[PDB]
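One chain follows as structure tokens, the form deposited without the ligand.
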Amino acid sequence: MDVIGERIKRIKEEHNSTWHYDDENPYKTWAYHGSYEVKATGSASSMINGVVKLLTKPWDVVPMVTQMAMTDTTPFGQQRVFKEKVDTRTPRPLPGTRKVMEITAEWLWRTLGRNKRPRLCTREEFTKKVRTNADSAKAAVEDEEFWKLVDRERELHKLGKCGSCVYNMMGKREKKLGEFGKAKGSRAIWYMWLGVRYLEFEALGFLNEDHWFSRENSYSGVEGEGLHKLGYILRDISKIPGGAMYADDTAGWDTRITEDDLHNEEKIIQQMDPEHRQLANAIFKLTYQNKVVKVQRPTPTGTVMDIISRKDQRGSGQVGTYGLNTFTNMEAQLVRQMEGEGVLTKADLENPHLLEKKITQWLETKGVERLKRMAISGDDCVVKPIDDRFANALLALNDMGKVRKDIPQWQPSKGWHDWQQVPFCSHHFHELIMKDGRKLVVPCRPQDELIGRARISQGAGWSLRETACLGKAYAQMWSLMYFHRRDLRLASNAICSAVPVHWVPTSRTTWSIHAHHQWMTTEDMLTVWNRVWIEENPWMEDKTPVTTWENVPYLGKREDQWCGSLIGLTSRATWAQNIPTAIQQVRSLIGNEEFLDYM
């Protein structure tokens, strides 16, 4: 209570008129502190992009397409996700498991910091990020009072105290664009949250800003590679002699981050300068190893905001989440590789006094080589161990809390002998042969997921221009990343013919760190395609440009169909034949603008 008390005291004082202890609060593993009356945020479903929907009529039926728009962010949805996923306790790992993890984490941070030194991130760096991604964040960073509030909170952090770094589980709250932009104490709430984000970015942002998890720095990492490079990396891993390629999914990774993992992640502060270490130690102790969280809850008499806390799990919407998840997953997979190799036994995991020297010997002689066999991005991993003993090496993985999703905990993992079947970052990758004989390695995922996502707009209250510009952003992302899917190349051509040529793509198609957003432009898509797949592609030795889309390949028809294509169906042939009519209908509603025919 001495670490979280001031944050709760300030909340309690600000909402003194309705603050109460609700005896029928549902929290079982989070400490519950109190509630106050609040207006309900979120919406029961996502708004549909009318431009994309009109140009993808055969997918109006398709069940996965309908499900993608059913995300519920109201208090009911906030509580549903909370109860089904976040309100659990991860059993403490055994003493031998804790020892191996500690040894591996120390070796791993030392390896990651061999060339780079941690540093503080700055006000202008944060401001520049906000401005390049643009707006309430831009208004906040241009207000001197926002930075003065940041300074006061930093002075508390230097004293080992925290007053306003409270995270929340509400995500995007507005039901219509600008709903809270001019509301009562919205500015103060936003300044405190964005200020907390700034302080975290100041102390831990170096991990992302200085590419600590780049493949060159981390061996296993893929930070800064891009979706268009991930397949090539899996193809390169497939050439390393060894067993099958394993890609186990953890059930709710962020909820399985234990107090032991947090204490191993904190070890990076040992490489910092005294002034940086003091600020990063405040972030770790005050907001990672202790956290104060707001979440809404429906009650018989309306909505309340509950104030809860806990000492483990990975927080809601944090700067260091991706990098720290990548670190801990690299460590966990090295531990699993040691178990597969016979370095760690079941008796060792139970033993606090296990032989530290055999772990150090394996890390010092094989560690880097074993990191090179992996592609790790947050909770996503691909591992090609030295043989298949790894498939049944589950003692440490389960004991560290990283229980695999939807599989009995002692059933052996299933690995893949074809890198093209390996799931990684919600995709799988194909090697395609171009008409000229050159090979491409492309990203792919179930087509219903791509169409379903593209049919969701920024939200209610956005103009037809902003909606059409987001539709154009999805169409152009398809032209650059998923051109090999017949239906997507056709729909992309339809959308780009329906939206005025000089309207610039707005919003974002995804928040994924692997998206480099090369499609966020009004440049010719074939020119951008050549830049990404030919000119800048390090795995393309022959730089001969492709002069027509007729020479940009597709997946084989059978694979396109296995992966969701409607090619071959009557409704799809009817759609393809009558698409100029739907394009014209969109153009008529947009108005007298300059359009280009891409069909």
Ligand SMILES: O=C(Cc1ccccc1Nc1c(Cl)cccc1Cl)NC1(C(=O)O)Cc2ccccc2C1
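The first residue of the shown sequence is 1; numbering continues from there.
Here the subject shifts to the form deposited with the ligand bound, a form of this protein not shown in this document.
Taking the pose of the ligand in the bound PDB entry and superimposing the site C-alphas, would you call this form open or blocked (blocked if 3 or more ligand atoms are within 2.4 Å of a backbone or C-beta atom)? Blocked, per the superposed partner pose.
Looking at 315 to 323, 493 to 501, 434 to 442, 378 to 386, which stretch has residues with any non-hydrogen atom within 4.5 Å of the ligand in the bound PDB entry? In the other structure, the partner sits against 315 to 323.
Just to confirm, with a 4.5 Å cut-off on non-hydrogen atoms, which of 449, 209, 356, 106 contacts the ligand in the bound PDB entry? Going through each option in turn, the one that passes is 209.
Since exactly one of 339, 200, 261, 306 fits, which has a heavy atom within 4.5 Å of the ligand in the bound PDB entry? Selected residue: 200.
At 4.5 Å between heavy atoms, is residue 129 in contact with the ligand in the bound PDB entry? Residue 129 belongs to the contact set for the ligand.
In the bound PDB entry, does residue 205 have a heavy atom within 4.5 Å of the ligand? Yes, residue 205 sits close enough to the ligand in the bound PDB entry that at least one of its heavy atoms falls within 4.5 Å.
Does residue 521 make contact with the ligand in the bound PDB entry, using a 4.5 Å heavy atom cut-off? No.
Can you tell me whether residue 511 touches the ligand? I mean in the bound PDB entry, with a 4.5 angstroms heavy atom cut-off. Taking the distances in the bound PDB entry, the answer for residue 511 is yes, it comes within 4.5 Å of the ligand.
Can you name the residues of 428 to 446 that have a heavy atom within 4.5 Å of the ligand in the bound PDB entry? Result: empty, none.
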